[PDB]
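Only this structure's heavy atoms are used, side chains among them; waters, hydrogens and symmetry mates stay out. Letters A, B, ... are given to chains in the order of the sequence lines, protein chains preceding strands, and every chain is numbered from 1.
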Amino acid sequence: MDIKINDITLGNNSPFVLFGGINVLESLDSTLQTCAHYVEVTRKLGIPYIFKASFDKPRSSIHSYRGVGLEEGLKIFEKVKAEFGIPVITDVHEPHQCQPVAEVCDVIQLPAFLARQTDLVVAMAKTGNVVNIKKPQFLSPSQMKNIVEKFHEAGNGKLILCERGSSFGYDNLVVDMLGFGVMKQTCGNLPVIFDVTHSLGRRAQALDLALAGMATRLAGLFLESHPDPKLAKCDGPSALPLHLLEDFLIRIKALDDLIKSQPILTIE
Amino acid sequence: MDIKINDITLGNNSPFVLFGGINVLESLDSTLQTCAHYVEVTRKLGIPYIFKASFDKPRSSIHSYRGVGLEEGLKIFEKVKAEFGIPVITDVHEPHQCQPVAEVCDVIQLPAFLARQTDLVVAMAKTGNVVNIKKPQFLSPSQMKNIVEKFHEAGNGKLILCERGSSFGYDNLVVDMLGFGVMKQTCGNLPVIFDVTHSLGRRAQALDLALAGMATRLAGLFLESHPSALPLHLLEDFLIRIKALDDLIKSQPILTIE
Amino acid sequence: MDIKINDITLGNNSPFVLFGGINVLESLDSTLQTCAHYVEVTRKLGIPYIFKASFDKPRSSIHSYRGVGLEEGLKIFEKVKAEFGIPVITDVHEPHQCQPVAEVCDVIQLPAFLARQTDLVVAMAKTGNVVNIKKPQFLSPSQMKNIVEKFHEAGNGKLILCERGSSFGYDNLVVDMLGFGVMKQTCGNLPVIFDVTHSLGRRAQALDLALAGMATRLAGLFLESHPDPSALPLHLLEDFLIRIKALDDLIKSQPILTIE
Amino acid sequence: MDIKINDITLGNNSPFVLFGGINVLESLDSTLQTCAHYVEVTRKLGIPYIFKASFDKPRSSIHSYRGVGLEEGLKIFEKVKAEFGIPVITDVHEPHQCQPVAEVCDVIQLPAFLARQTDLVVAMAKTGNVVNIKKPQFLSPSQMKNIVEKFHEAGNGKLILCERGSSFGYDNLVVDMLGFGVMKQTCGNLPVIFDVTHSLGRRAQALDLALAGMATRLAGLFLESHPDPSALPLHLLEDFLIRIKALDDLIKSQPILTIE
Ligand SMILES: [Cl-]
Ligand SMILES: [Cl-]
Ligand SMILES: [Cl-]
Ligand SMILES: [Cl-]
Ligand SMILES: [Cl-]
Ligand SMILES: [Cl-]
Ligand SMILES: [Cl-]
Ligand SMILES: [Cl-]
Ligand SMILES: [Cl-]
Ligand SMILES: [Cl-]
Ligand SMILES: [Cl-]
Ligand SMILES: [Cl-]
């Protein structure tokens with residue numbers, strides 16, 4: 001099943017869509033600057049693109065920076081849309097936020113941590129917007145159908161499943177490449193995308209992991225990069241250096257183009 | 001570090017406290033009847049007891065029973081407290097709930113899935129109530145120190161750490177019995193309790209697992225019962241065993257291996 | 001199902017048996033000295049005791065110490081048995097070793113890393129000796145019935161199942177305390193014992209872990225001790241075992257409670 | 001580091017080599033028929049090829065078919081080499097087997113289950129043959145360096161590291177795609193290959209898993225087939241390999257990008 005996000009076609013047998021940006025909104029200028037680089041690179045290479053950012057980071061330490069908030073975040077997203085003409089994605093945290101965020105933001109994201117909170121799921125469903133569901137590290141690929149069921153019952157079937165790794169002992173994640181296939185098979189072939197950033201604790205391996213994931217035939221890649229850099233723990237420890245964006249994406253796109261040009265081979 | 005909950009002294013070198021009750025409040029009478037059974041059994045045996053129940057089930061299906069809700073829930077807890085003269089514990093899911101729930105409920109519980117929601121942690125901290133922190137299946141015993149830090153930063157140090165198992169592959173949980181010690185050593189010897197019910201698959205294994213856990217020298221046992229859950233009629237036979245073991249473990253000085 | 005080892009009754013509802021000793025044999029004197037400490041303490045407390053040691057360490061690095069070897073190892077074991085009149089246990093690594101080792105050693109042990117080696121299982125089985133099966137970190141409790149079936153087919157039912165923890169991510173073990181019961185239920189209630197030593201992170205945690213395991217109602221406890229792989233400090237042996245026994249006596253004094 | 005195996009260049013930046021064959025040798029006839037198909041397909045597509053088979057299955061249940069055995073096994077291998085002029089690979093289980101197996105078989109394989117058995121490692125190293133090290137499901141990628149160090153100490157540096165998945169709870173494996181990079185970085189960029197067959201549960205997932213692995217830039221792919229739970233249907237080999245080769249050629253055409 002494909003989903004339409006404005007001009008973009010999202011689906012497991014379509015050219016991959018980049019859901020790309022930064023961990024959290026810092027300011028209007030930094031946002032436009034970082035977004036512009038993503039927009040120029042994506043236009044150059046011909047990759048469908050949706051700008052990603054959180055306006056709030058609700059797990060942040062008490063007196064540490066957590067974002068700009070809902071009011072100024074939505075203002076920044078409005079400007080990104082007006083300036084670049086692209087779709088955007090952000091995450092929602094309380095049921096009340098859903099309708100107003102859904103007015104501006106084209107895709108609304110269910111945090112992995114809140115993935116089981118029924119009122120949030122219902123509230124998101126009611127908006128009618130495309131929804132990105134982050135798969136929790138503690139949930140099996142087959143347990144995702146229950147979240148999908150819940151959304152369907154609440155009357156919204158435009159769902160994206162986003163992989164971010166699974167708990168592997170203490171203080172460690174592993175990405176089960178077989179999980180992509182299980183989610184395709186058991187959730188009606190909804191678009192599946194890969195959050196390579198949050199599957200990682202360091203950036204050196206980001207390309208190898210991304211390429212492996214995309215080799216499995218996916219609707220898209222979800223990725224964060226540094227902005228106008230805030231070094232000491234501000235951008236996320238696995239964020240890609242922004243200047244490498246082109247060199248990175250050119251390889252992802254070449255791989256994706258190859259996989260998608262070959263018909264699906266059933267092994268029976 | 002010991003914590004006072006009315007007359008109860010809760011601590012890792014104190015007689016174990018039973019955090020016992022049901023999954024969700026359904027009706028006043030049903031709650032009173034089941035609570036009465038716990039109260040009678042625990043007073044008979046001489047085990048400090050705190051009655052547990054949720055007033056809402058925020059994660060259950062659209063097509064399921066989701067509880068009596070806050071307003072009704074608090075009324076029931078008020079009645080439980082007045083009738084039996086015991087403390088109670090419930091979970092909270094939203095910052096705005098904390099102050100009203102904390103007016104009635106002696107212990108307020110941070111749900112595992114919300115363990116890292118800062119706004120909730122702050123709102124719970126501000127009540128000044130004793131807090132029960134549910135340890136998520138995906139967090140290491142070391143990572144728990146970070147939640148404890150948040151609470152301290154928010155001005156509340158009356159914290160309980162509650163073990164409920166850790167993720168072990170897909171759809172399976174294992175309880176790392178070493179994690180109790182790691183939490184004790186790294187989180188300032190705050191009270192550690194064991195949620196045996198949510199650690200389990202089959203109820204058949206509940207005594208064996210509860211005894212294993214309590215053998216590591218813990219402040220309390222957290223369990224649910226039903227007339228998954230322990231059958232309510234077996235509560236006395238079950239508690240006799242836990243108490244015998246707890247009393248034995250606590251009668252022998254901590255043997256430090258070095 | 002109980003197993004008799006000379007005058008010892010080993011079983012999941014009998015007083016726990018201590019399988020205790022050292023990692024590797026080094027010399028006669030040192031072996032007698034350490035066994036003497038164990039024997040003194042276990043005789044005093046009234047705990048059935050079986051002395052454990054390897055004669056070989058086949059995974060050790062090339063330039064590391066490996067033990068005294070088979071021939072010298074058996075002589076030491078003969079001497080240990082002669083002096084103290086207790087049963088002994090050692091591990092075997094090759095089919096040919098099984099018969100001569102079994103003539104001397106009361107319990108022979110299948111190493112975790114070789115637990116699936118059919119020819120080794122067959123040769124151990126044929127001795128008719130009591131066998132201790134070390135559960136591998138990568139095997140589930142229900143996969144152990146496959147090892148048990150193998151011993152049965154080869155004609156030996158005097159089997160002990162020995163828990164030592166399970167792979168938990170990279171570089172960590174966790175002991176699933178529920179696994180004891182699953183092995184009890186699906187492997188015909190064979191004696192289950194707990195290797196607390198090879199389960200462990202740092203020794204400091206040995207008492208807490210041993211007590212947790214024994215709380216589940218087990219046939220025995222398996223530990224190694226150090227000079228004073230985090231073995232127990234030898235000078236703490238008595239204080240340690242007083243607590244294990246006290247707990248084991250309490251658990252065993254109460255009839256099994258079926259939860260239904 | 002590259003390894004020469006006859007005319008084949010094996011390395012993490014060379015065209016991928018296929019280590020392909022069957023679980024176990026049953027007869028010469030059946031071996032030749034299956035190998036013939038591999039040879040034809042790999043020749044047509046231009047993929048370097050090494051035929052794989054075990055002559056023995058040391059972990060099978062007692063009365064399951066265990067393979068033809070060493071003597072008959074080496075004869076079959078000799079005929080494979082004579083008929084097709086290709087290199088071959090097989091696994092060894094005892095030190096005494098190593099020199100005679102190494103005479104015939106170009107690559108000798110250390111089983112996952114025996115990975116830490118020092119005597120076998122040493123006996124394998126002394127042959128001077130190319131060695132495939134199977135990574136155990138319970139060893140971390142950084143623990144592999146210790147096996148490599150042993151082989152280096154015992155005189156052999158022609159080593160291949162073979163991924164086959166890691167323990168993930170009970171009776172489940174996961175392949176950590178990051179492990180390939182970690183092995184390359186910490187073990188001197190030795191050739192790393194991927195056993196998709198043993199990593200798997202249902203054969204339906206074989207292509208996706210294999211492509212994912214090879215996307216990480218590897219020296220080779222390791223698989224079993226069968227005319228027709230995990231083995232690839234022999235008739236799909238061409239279609240399968242067309243896709244692996246297309247992905248491999250692309251990845252290997254692009255300069256390594258280090259994220260800095
Ligand atoms: Cl995110
Ligand atoms: Cl956050
Ligand atoms: Cl998560
Ligand atoms: Cl990482
Ligand atoms: Cl609860
Ligand atoms: Cl719930
Ligand atoms: Cl949880
Ligand atoms: Cl060893
Ligand atoms: Cl093991
Ligand atoms: Cl193999
Ligand atoms: Cl085998
Ligand atoms: Cl293995």
Side-chain angles (χ1 to χ4, degrees), chain A residues 176-178 181 212 215-216 265-268, chain C residues 116 138, chain D residues 16-26 30-31 34-35 37-38 41-42 47-60 64-65 67 88-91 107 109-113 115 132-137 160-168 171-177 179-180 191-216 218-245 247-248:
Chain A
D176 184 1
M177 300 285 149
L178 298 181
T216 74
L265 179 56
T266 321
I267 297 172
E268 30 175 23
Chain C
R116 328 271 302 270
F138 53 88
Chain D
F16 91 96
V17 173
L18 175 65
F19 298 74
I22 59 181
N23 176 45
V24 62
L25 295 177
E26 290 161 75
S30 179
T31 301
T34 285
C35 191
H37 192 64
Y38 271 95
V41 171
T42 55
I47 296 163
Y49 173 58
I50 301 185
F51 172 78
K52 180 268 163 196
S54 302
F55 53 83
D56 191 54
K57 298 311 287 191
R59 283 173 318 173
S60 291
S64 295
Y65 179 65
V88 303
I89 184 174
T90 202
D91 59 315
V107 179
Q109 176 170 296
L110 180 64
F113 43 95
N132 190 33
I133 303 174
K134 287 284 210 102
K135 175 151 84 68
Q137 64 175 275
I160 309 160
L161 300 181
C162 190
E163 168 70 34
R164 45 79 87 252
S166 305
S167 305
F168 191 60
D171 197 45
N172 215 335
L173 302 175
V174 71
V175 180
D176 180 4
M177 300 278 154
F180 296 116
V192 175
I193 67 175
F194 183 27
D195 177 351
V196 62
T197 295
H198 299 115
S199 297
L200 271 165
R202 328 166 263 116
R203 60 159 61 76
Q205 310 168 290
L207 181 68
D208 293 335
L209 193 57
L211 291 162
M214 297 315 283
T216 81
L218 304 177
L221 186 67
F222 185 107
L223 61 89
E224 283 170 18
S225 276
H226 191 79
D228 200 14
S230 179
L232 182 73
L234 192 50
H235 80 272
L236 289 184
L237 184 66
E238 186 164 352
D239 292 327
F240 188 92
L241 291 179
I242 287 170
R243 292 155 164 79
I244 301 304
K245 192 187 186 283
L247 177 53
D248 186 66

* Listed once per pair and sorted, the salt bridge (charged side-chain N to carboxylate O under 4.0 Å, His left out) pairs that draw on residues 228-237 of chain D, sequence neighbours left out -> D/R203-D/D228
* Enumerate the residue pairs fulfilling salt bridge (charged side-chain N to carboxylate O under 4.0 Å, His left out) with a member in residues 235-245 of chain D, sequence neighbours excluded, ordered by first and then second residue. => D/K44-D/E238, D/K245-D/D249
* Asked: Hey, what's the ring geometry for D/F222 with D/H198, parallel, tilted or perpendicular (30° and 60° as the breaks)?
  ->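 Ring orientation, 0 to 90° scale: tilted.
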Exam field: side chain [X] to backbone [Y], donor-acceptor pair closer than 3.5 Å:
| X | Y | result |
| --- | --- | --- |
| D/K135 | D/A112 | no |
| D/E163 | D/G165 | yes |
| D/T197 | D/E224 | yes |
| D/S54 | D/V24 | no |

Quick check: closest heavy atoms across [X] and [Y], and the distance to 0.1 Å?
| X | Y | result |
| --- | --- | --- |
| D/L221 | D/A210 | CD1-CB, 4.1 Å |
| D/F180 | D/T216 | CD1-OG1, 3.4 Å |
| D/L237 | D/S225 | CD1-OG, 4.5 Å |
| D/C162 | D/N132 | CB-OD1, 3.4 Å |

* Pairwise side-chain contact, D/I47 with D/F16, heavy-atom cut-off 4.5 Å (strictly under) -> yes
* To do: Walk me through it: do D/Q109 and D/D91 pass the test side chain to side chain donor-acceptor pair (under 3.5 Å)?
  => CA-CA 4 Å; D/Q109 176 170 296; D/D91 59 315; 4.9 Å; no
* Asked: What residue among D/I160, D/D195, D/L110 forms side chain to side chain contact (heavy atoms under 4.5 Å, CB included) with D/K134?
  ->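 Exactly one pass, corresponding to D/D195.
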* Hey, what do you get for CG (D/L247) to CD1 (D/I242), rounding to the nearest 0.5 Å? -> 14.0 Å
* How many angstroms lie between CD1 in D/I244 and CG in D/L218, if you round to the nearest 0.5 Å? ->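 Going from CD1 on D/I244 over to CG on D/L218, the span is 10.5 Å.
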* To do: Would you confirm whether the ring centroid of D/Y38 sits within less than 6.0 angstrom of the ring centroid of D/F51?
  =>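 Ring centres of D/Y38 and D/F51 not closer than 6.0 Å.
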